[PDB]
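These notes concern the structure reproduced below.
Reminder, nothing fancy here: chain letters follow the sequence lines and each chain counts from 1.
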Amino acid sequence: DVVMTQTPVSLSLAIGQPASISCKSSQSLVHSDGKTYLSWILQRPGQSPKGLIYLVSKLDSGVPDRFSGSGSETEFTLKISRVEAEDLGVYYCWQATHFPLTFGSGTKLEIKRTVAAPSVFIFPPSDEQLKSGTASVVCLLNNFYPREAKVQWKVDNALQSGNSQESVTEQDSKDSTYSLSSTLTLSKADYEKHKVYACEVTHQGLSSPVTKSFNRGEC
Amino acid sequence: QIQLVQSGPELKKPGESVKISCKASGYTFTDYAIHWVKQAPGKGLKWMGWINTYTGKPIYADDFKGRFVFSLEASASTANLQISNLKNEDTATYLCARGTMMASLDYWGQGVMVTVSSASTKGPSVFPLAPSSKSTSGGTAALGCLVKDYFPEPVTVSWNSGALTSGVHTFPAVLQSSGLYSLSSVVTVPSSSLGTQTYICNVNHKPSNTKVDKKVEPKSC
Amino acid sequence: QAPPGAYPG
């Protein structure tokens, strides 16, 4: 199989900055018919790939002309003249000169943007869940940058360990932010035993931690 | 418009067989190759081979000879992938793609996520995340749905049957102690029209036949 | 329909 190596593994570029990604093949992609069957695709967050380039430098129909490809025998580059918010995702070169067709290791493009502190929300358990005898409390950190953030759960001022899970979104294709959800899960009985539920958020956009809280049973 | 739409089951046991369908529309089916591509959840892309849509002749990459059969239903503009004797390593998203002679893979199907597990499916509970005084800022309200305790991935979440897409965040699932998943889906809306607008989360978990529409309305008392 | 690398040699 032809090995397709891509560098960098990832890069973070500001809107309007130029982009250059390299792709190296373990053998010449110049076929005996004179054509070079190197192509590029993009896969944006959670979606199926889209074709961008074929025959080294030919733009697929509808692909913006900010994109171009160059190269020769074993070295190829994809270039973006001006990066836009929607260019984020994983770029793969791939070849079809030699059997079998092979895909590169992929380069992930992140958008660099200004620091944005999270908006912090909390949701008590629904009456529906309480009736089933479990209590999930959800802490939402909306539209922040950069991606790194810290959430701590506090119940009547007591730092919780071992009863929470969190995930972060992929980067937003429009405002270039991230969002994060944390869930604290207690038995209804354990929930019943305490009053104050708080999530405490630390982020580069904040000069002190932001506490979002409620008192169990206070409409 | 040119689209490839796939379907198939998302959960199978080791030893079982699965059929994954790729339906073409908006173009001449027989003028373009269909390529089959395996994507390991996390990892890159592995070419399985292709099927000539004119002659029906399949060509297999070496690692996909034996248990993998590419076929056509030419009059339904559909390419079919059959994997038999399913193994641990077959857990992946299976993609179809339209191919040209000049080696464009221009248009791709949305893929089918197949989990190979001896463990049984569990359908999610769907709880509302009610908009309240604790989920509002700057005249905006956050609301959503908690989709708790399901297996396997994936679950699809839409809002107002697809009519609401702006300000939606559907978070990656977390794996609980139990080996069951949970995810959050939230949307930010005007706080002023909470009395006049209706917000329904549409939760689909195919493996458990789960189809829930949950109206999310203000906290109240 | 297919580029040369789609055919085994």
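- Residues B/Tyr107 and B/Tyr27 keep their aromatic ring centres 6.0 Å or farther apart.
- Of the residues A/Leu141, A/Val151, A/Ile122, the one that meets the side-chain contact (heavy atoms from CB on, under 4.5 Å) test with A/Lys212 is A/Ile122.
- Taking CD of A/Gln171 as the reference point, atom OG1 of A/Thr169 lies at 8.5 Å (rounded to 0.5 Å).
- Between the side chains of A/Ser161 and A/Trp153, no donor-acceptor pair of N or O atoms lies under 3.5 Å.
- Counting heavy-atom neighbours within 6.0 Å of B/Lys215 NZ, excluding the residue itself, gives a total above 12.
- Atom-to-atom distance recorded for A/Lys35:NZ and A/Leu55:CG is 7.0 Å, nearest 0.5 angstrom.
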Side chain to side chain donor-acceptor pair (under 3.5 Å) evaluation trace for A/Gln95 with A/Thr102: CA-CA 6 Å; A/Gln95 74 74 37; A/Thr102 49; 3.1 Å; yes
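- When the shell of 6.0 Å around CE of B/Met113 is examined, it contains more than 12 heavy atoms from other residues, nucleotides or ligands.
- With 3.5 Å as the limit, one finds a donor-acceptor pair spanning the side chains of A/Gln43 and B/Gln39.
- Under the 4.5 Å side-chain criterion, counting only non-hydrogen atoms from C-beta, B/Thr78 is not in contact with B/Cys22.
- At distances below 3.5 Å, at least one donor-acceptor pair connects side-chain atoms of A/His203 with backbone N or O atoms of A/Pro146.
- No side-chain donor-acceptor contact under 3.5 Å links A/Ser182 and A/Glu166.
- For B/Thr140, the side chain to side chain contact (heavy atoms under 4.5 Å, CB included) partners two or more places apart in sequence, or in a different chain, are B/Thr188.
- Counted by atom type alone, B/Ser182 and B/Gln176 present one or more donor-acceptor pairs between their side chains at under 3.5 Å.
- In this structure, B/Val116 and B/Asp90 approach most closely via the heavy-atom pair CG2-CB, 4.3 Å.
- Contact detail for A/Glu73 and A/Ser25: the closest heavy-atom pair is O-OG, 3.7 Å.
- For the pair A/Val137/A/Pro125, a side-chain contact is recorded, criterion being any heavy-atom separation below 4.5 Å from C-beta on.
- By the 30° and 60° cut-offs, the orientation of the rings of B/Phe151 relative to B/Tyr181 is parallel.
- Inspection of the B/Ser208 and B/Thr210 side chains reveals an N or O donor paired with an N or O acceptor under 3.5 Å.
- Atoms OH and CZ, from A/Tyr197 and A/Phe214 in turn, are 7.0 Å apart once rounded to the nearest 0.5 Å.
- Judged by distance alone, with hydrogens and angles left aside, the side-chain atoms of B/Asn160 form a donor-acceptor pair with the main-chain N or O of B/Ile200 at under 3.5 Å.
- The aromatic rings of B/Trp108 and A/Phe103 stand perpendicular to each other, their planes meeting at an angle above 60°, with 30° marking the opposite boundary.
- The closest side-chain donor-acceptor pair between A/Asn163 and A/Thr185, if any, does not fall under 3.5 angstrom.
- A cation-pi arrangement is present between B/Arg98 and B/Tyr32, with the terminal nitrogen or guanidinium carbon under 6.0 Å from the aromatic centre and inside a 45° cone about the axis.
- The closest side-chain heavy-atom distance from A/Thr36 to A/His31 is not below 4.5 Å.
- In summary, the side chains of A/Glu86 and A/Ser173 do not present any donor paired with an acceptor at a separation below 3.5 Å, with no hydrogens or angles considered.
- Ring planes of B/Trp47 and A/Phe99: perpendicular class, angle over 60° (limits at 30 and 60°).
- Under a cut-off of 6.0 angstrom, the local environment of NZ in B/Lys43 is crowded, with over 12 non-hydrogen atoms contributed by other residues, nucleotides or ligands.
- The main-chain N or O of A/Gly69 is never found under 3.5 Å from a side-chain atom of A/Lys79 such that the two would form a donor-acceptor pair.
- A/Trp94 has its side chain within reach of B/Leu105: a pair of non-hydrogen atoms, C-beta onward, lies under 4.5 Å apart.
- Heavy atoms of other residues, nucleotides or ligands lying less than 6.0 angstrom from CD of A/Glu75 number 12 at most.
- Residues A/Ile21 and A/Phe76 fail the side-chain proximity criterion, which asks for heavy atoms closer than 4.5 Å.
- You'll find the side chain of A/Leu29 stays beyond 4.5 Å of the side chain of A/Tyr37, heavy atoms only.
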Trace of the side chain to side chain donor-acceptor pair (under 3.5 Å) decision for B/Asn202 with B/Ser158: CA-CA 5 Å; B/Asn202 327 109; B/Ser158 69; 2.8 Å; yes
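- Checking side-chain atoms of A/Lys112 against main-chain N and O of A/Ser12 turns up a donor-acceptor pair under 3.5 Å.
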Trace of the side chain to side chain donor-acceptor pair (under 3.5 Å) decision for A/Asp172 with A/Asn143: CA-CA 8 Å; A/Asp172 190 271; A/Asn143 297 71; 5.3 Å; no
Criterion salt bridge (charged side-chain N to carboxylate O under 4.0 Å, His left out) on B/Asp63 and B/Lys46, from CA distance to verdict: CA-CA 10 Å; B/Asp63 291 1; B/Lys46 183 149 196 210; 2.3 Å; yes
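- Formation of a donor-acceptor pair under 3.5 Å by the A/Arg66 side chain with backbone atoms of A/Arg82 is found in this model.
- A/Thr134 and A/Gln129 are linked by a side-chain donor-acceptor pair at a separation below 3.5 angstrom, with hydrogens and angles left out of the test.
- No side-chain donor-acceptor contact under 3.5 Å links A/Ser20 and A/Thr77.
- In this structure, the side chain of B/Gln6 engages the main chain of B/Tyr94 through a donor-acceptor pair within 3.5 Å.
- Within the 4.5 Å cutoff, no side-chain heavy atoms of A/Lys24 are placed close to those of A/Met4.
- Side-chain contact between B/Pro207 and B/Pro152 is present, with at least one heavy-atom pair separated by less than 4.5 Å.
- Put simply, the side chain of C/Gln1 gets close to the backbone of B/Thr30: a donor and an acceptor are under 3.5 Å apart.
- Distance CG/A/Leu88 to CD1/A/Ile111: 6.0 Å, rounded to 0.5 Å.
- Inspection of the A/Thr177 and A/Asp175 side chains reveals an N or O donor paired with an N or O acceptor under 3.5 Å.
- A distance of 6.5 Å separates OG1 in B/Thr115 from CG in B/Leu11, rounded to the nearest 0.5 Å.
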From CA spacing to verdict: side chain to side chain donor-acceptor pair (under 3.5 Å), B/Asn80, B/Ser21: CA-CA 5 Å; B/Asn80 292 313; B/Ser21 67; 4.9 Å; no
